[PDB]
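To start, I am sharing the structure in question, which I have written as structure tokens.
Labels run A, B, C, D, E, F, G, H and I following the written order; every chain starts at residue 1.
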Amino acid sequence: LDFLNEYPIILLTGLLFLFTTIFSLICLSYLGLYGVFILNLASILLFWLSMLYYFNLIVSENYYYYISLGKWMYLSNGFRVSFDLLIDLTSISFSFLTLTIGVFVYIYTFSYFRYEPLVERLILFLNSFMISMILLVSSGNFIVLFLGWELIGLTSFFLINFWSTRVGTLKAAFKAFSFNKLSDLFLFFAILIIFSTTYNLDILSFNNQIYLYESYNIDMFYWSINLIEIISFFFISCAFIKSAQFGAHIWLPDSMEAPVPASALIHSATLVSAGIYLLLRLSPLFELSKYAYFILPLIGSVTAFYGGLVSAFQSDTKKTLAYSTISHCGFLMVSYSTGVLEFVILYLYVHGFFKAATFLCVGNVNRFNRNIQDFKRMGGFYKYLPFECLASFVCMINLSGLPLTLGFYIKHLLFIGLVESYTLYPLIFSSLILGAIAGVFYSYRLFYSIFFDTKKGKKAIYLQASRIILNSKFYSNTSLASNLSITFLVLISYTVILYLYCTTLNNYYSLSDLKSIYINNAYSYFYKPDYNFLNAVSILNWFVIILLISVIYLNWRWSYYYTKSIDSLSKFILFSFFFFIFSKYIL
Amino acid sequence: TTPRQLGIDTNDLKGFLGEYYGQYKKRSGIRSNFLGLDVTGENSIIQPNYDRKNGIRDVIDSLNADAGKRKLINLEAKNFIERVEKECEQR
Amino acid sequence: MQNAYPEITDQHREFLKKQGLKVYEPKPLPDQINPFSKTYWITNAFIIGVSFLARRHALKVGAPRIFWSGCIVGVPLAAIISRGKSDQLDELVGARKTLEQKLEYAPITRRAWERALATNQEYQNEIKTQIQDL
Amino acid sequence: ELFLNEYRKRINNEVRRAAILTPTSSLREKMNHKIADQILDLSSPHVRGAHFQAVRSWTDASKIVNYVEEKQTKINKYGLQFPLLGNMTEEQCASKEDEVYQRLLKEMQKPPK
Amino acid sequence: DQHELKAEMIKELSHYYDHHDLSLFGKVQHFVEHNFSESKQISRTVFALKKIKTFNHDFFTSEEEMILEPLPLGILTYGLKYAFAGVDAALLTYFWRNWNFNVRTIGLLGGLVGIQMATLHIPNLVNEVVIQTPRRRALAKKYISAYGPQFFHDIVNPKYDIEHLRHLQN
Amino acid sequence: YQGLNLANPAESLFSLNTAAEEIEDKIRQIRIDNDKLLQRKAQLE
Amino acid sequence: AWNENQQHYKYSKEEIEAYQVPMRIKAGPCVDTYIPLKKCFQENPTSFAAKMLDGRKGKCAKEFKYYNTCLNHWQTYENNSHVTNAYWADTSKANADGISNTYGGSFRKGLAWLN
Amino acid sequence: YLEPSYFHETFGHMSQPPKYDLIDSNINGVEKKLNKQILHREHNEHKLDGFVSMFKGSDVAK
Amino acid sequence: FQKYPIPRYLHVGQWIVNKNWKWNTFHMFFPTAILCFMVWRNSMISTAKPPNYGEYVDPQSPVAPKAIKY
């Protein structure tokens, strides 16, 4: 209907979600467990349906909305700011991912914390965090952006430190609190500089008149610093702290004692993506900045390598996922440094969806293992959590970027557009290559050690989960709702990623305008690649193949199948050679 | 491995690059006050500097040189094919 | 104020409309969103009535009733904001205030302008009378 | 000073409207026509903005006051400032209306320049 | 003529766009490889349509182009080809590992390879014979109704104006 | 009362100046029309 | 004339704004061929799955040919693919012919690819 | 099945199963031989024209 | 965790189930929807949108962007 296209209902449904969350928080005695669950489920489902309707219009067609709620605050003599929301491609790209992951995490969170005394508090905290993140990405001016920035930091401080009776979790939450205070300082100083320069806080206007101030300088006490350089420096600093780049990443692994739905939301999109959003929100500023040009690829590649290698050595499942998230944040920073804004969105969506699904599977495994998150005390879990095993296999083969999967394409697109003109290019490229191959190691380690190793766990788990009296059609080591949530999340992820791939990677370009005038020749090597580039990518392909052979055929222990393992490796090599000969030359 | 031919779209030279140089061509930040107040943009802590020649300018110059090189390569290839045709037509 | 954009010719827009293009024009508010229409206040009255009845039922059954109470005050509290901001002369992206809209805040100028326009109208009409009589 | 700040706010809002109404395929050139110069004309030294104090000499203050008074004289002769920027009695309103009506009649009957 | 000129260019520019990187075996293989009465026969019209399609691009629509072209191959033929390759690779692996290379097994491998090549040739022939021929006949009937058999006859005539083929319109 | 009666005088001055400019433009148009009609009258005589 | 559509019409700036061509396509030389394809897709709506799985692009097959030609020429001239591939195959012959001495002087094939 | 470019990059290009129209059997004899020669020259000239036009068209759209 | 007693005097939220949660859910949901509808109805007055497909902005129209006369 044309009325829906002219007047969005996203605002109405989001307000319904927010007000239901707040009133459930205040009137929690009237609503029991079931009442809170049902009310917030209805609100979140309506919000998701409305945003799903508008997703196609905003992404494919050139639809966007500027909504003003009213004049809000006086910030200068004779100056007032209003509460503005900008529902455009950049905002909807983050908001739809956050809302979908949040809907499925919400349904999963009731099965998780099944008999805990404070399920309602966790549900409402997750709702508050999602609302804050959605408000952050839908900002219309800088004041609303700062409000969302401070809200995501505050609500994540409560999802962390959920076990408020322990000071040990209080320390972990306070670490992130301090890092968020530093982020807020940097962002607010950058906003102050912007307002002192242009005397406006509207983002859109800022994106269209900042090029007029490229040749300007500011006078620090003994320095004359370019305006774009200092503004970009502060924005990049706060983005680095939120996105947990190297050095400022130490708060993120210590954030893992939060409940696993909170980890699924925080580490997949939302918080870790917030910094990336900033880079996408203010693209011209960083296009005109020398500091960004030098610092994004170097720090991104170092972070990618560091996170990828540290992840492959972890034994805690949540720590492995957290370090994988750090590596992927570095990869996203490099992808933004590429200069192609579509590749960033594709990487964001793929990583967020599959990382959230992997967190859900890991959370079910951890609940089965009775709060022991180290897979040194696991093994042979396939017969007790079969759905977890199979769904986890799918999610890890997609997340690790294995060949012939959806996650392969984002890595390939990243390596297509990499700029070779950097002074520190050798280090950047080596770090990127070493971080790209690390996914197979931690994916294989996690899957094999949790599900298909020897029994390393305690006898109580296995023996109590296998008594004869428990044989029934109702037998299960998880909940049906968890299985349905994971299944539907995977299906929706596949559908959305395929739709985005069609929109961006087809011969007919269909994506809406990204409001950026910096265009490079990166798509050429995607559209008309040449021979040396194909050979160069084949090199990394064969490196990954060698690593897969290593993780499959290496015997680190004595076994009755050692000799037969060597024989099978020899048979596979000979068969591959003969198969290649037959497929290439004769018939 | 051999380095690739990476740069901006050679058909968009009057776009991103053109505006950057046009900003320096039009020293608009140092024009006289529209009210005639005996002040200019140079009388501020945040002031224009139209003779700077640093920062991102080296990257812009490198991009321009790369675009020129790619255009020269294309022109050389076209001249080569023309020369081949006029040489073969002689025989 | 000025035009701020490069000029265009009437022949060019004639060609554009021949090609099938349409000139963008702001649309009037629909009845539901218009805070001065009759359907708006019919909806408000319906909201007030259902809120009162549901508040009575909630009191009878033991459910919270403060939210039904916020709907009752919400109607007149939001009529002020919706109508109050329509009166202001500030311009967003939506539409441009006309001279007559601005003259609502200048009654002296409005009256004098209407009188002068009328008088010039009879002057023009009478000149047309002699030019026809010639 | 508030008036110059309002000038800057108005040009910023015009830029926002142009951004919403015009796609980026042609926004830069149209904005480069007549709008970028006005944005740079109302920058930090010319317009006080969010600063504590506008550093003006006595001649600059005199010129700003003269600009404000010129605007006032333009709007006063049409009686445009009764409720918003003025306070007249009922008796003065009728005389002002008669004066503005006579002036509007005089301006209309002049020949074009 | 200009045609001859083009031939001369093939003597100089062919390796720039035709040659590809090959192994020693690939190079060896490359060296080795380098009546006025119609009597109611619209097959001549079908061939005329093929010639028009070959010499003109803006003549036929997408549906007519797909009708005049062979069907794309599918899962059946691709899976049969790769299953044949896998079976042969397994047999050769067994032979090498067990040192079972004698004239009987060599002949068996040769016969299997020949049979598999014939079976791979089968599906395209089946498709062309069954599916394509009725559609081609119907298209020929429609176009002889639209234009006339004489036009297609002179099109089929080998000494006809290829320039007119290139510049001809519906 | 705060919405309607206590407004920034700079905003009011800007709005009134725009109104005055519009009035002057309309007066210019009326002037052109009157001159055109008088020229018609002169040409007839 | 690879950058020209079926009827040699140059779209006006207002037409480009009205048909909301993306800035990525606008930066290239293929706007005049992209606009008719977008129009045909506009009055012939198609799901993304069908768009992925249809090589002929369905009812848009006539304009898609012109768009393919323009896009191929645009990208190959953008990244010098024709010259690079000519030098990759028989680099000695290309050097003797002097196809492009600017690219030929600095061209070096990797050691793994037949020295 | 649908996007095999990974196999093309990693292992190279394999042989393709036979796919021919067999539509030229309608004509016979000298007509058939002459038309074979004409079509062969047309294909070779088409490849040459593609290469040459690709090299020429750099000046277009500048 | 195994359930443990909670003191009656404390207004804390451990293991609480309200038997009348359906009516409370109804009476918290529907007025919330009405309030959000009123807020959205007010906010649509101040909502902007780019021109639709096939439409162009006339640069000389009043809705077009404007400059300032000094």
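The definition used in the following text is that contacts are C-beta pairs under 8 Å (C-beta built on N, C-alpha and C of every residue); 3 or more make two chains touch, one makes a residue touch a chain.
S.K.: Quick check: more C-beta contact pairs in A-E or C-G?
M.R.: A-E
S.K.: Suppose chain centres are the mean of their C-alpha atoms. Which chain sits farthest from subunit I?
M.R.: Comparing chain centres, E lies farthest from subunit I.
S.K.: Roughly how far is subunit B from subunit D, centre to centre by C-alpha average, rounded to an integer in Å?
M.R.: Using C-alpha averages as centres, the distance is 39 Å.
S.K.: In angstrom, rounded to a whole number, how far apart do the mean CA points of subunit D and subunit F lie?
M.R.: 15
S.K.: Compute the distance, rounded to whole Å, between the mean C-alpha positions of subunit D and subunit G.
M.R.: Chain centroid spacing, subunit D to subunit G, equals 51 Å.
S.K.: Centroid from C-alpha atoms only, then distance subunit H to subunit I, rounded to Å. What do you get?
M.R.: Measuring from centre to centre gives 61 Å for this pair.
S.K.: When you check subunit G against every other chain, which residues touch at least two of them?
M.R.: 14-15, 17-18, 20, 22-23, 27, 29, 74, 76-79, 82, 84, 86, 109-110, 113
S.K.: Where in subunit F do residues touch two or more other chains at once?
M.R.: Correct list: 8, 10-11, 15-16, 19, 21, 23, 30, 34.
S.K.: Which subunit C residues touch at least two other chains?
M.R.: 1-6, 16, 21, 24, 33, 63-64, 67, 81, 85, 92-93, 105-106, 109, 113, 120, 123
S.K.: Please output the residues of subunit B touching subunit E within their complex, sorted ascending.
M.R.: For subunit B paired with subunit E, touching residues are 84-85, 88-89, 91.
S.K.: Tell me, which parts of subunit D touch subunit C in their complex?
M.R.: Contact set of subunit D toward subunit C: 13-14, 16-18, 20-21, 30, 33-35, 78-84, 93, 96-97, 100-101, 104-105, 108-109.
S.K.: Sort out for me which residues of subunit I touch subunit G in the complex.
M.R.: Its residues touching subunit G are 51, 53-57.
S.K.: State the interface residues of subunit H toward subunit B in the complex, per the touch definition above.
M.R.: 52, 55-56, 58-59, 61-62
S.K.: With touch defined as at the start, can you tell me which subunit D residues reach subunit G in the complex?
M.R.: Touching subunit G from subunit D are residues 22-26.
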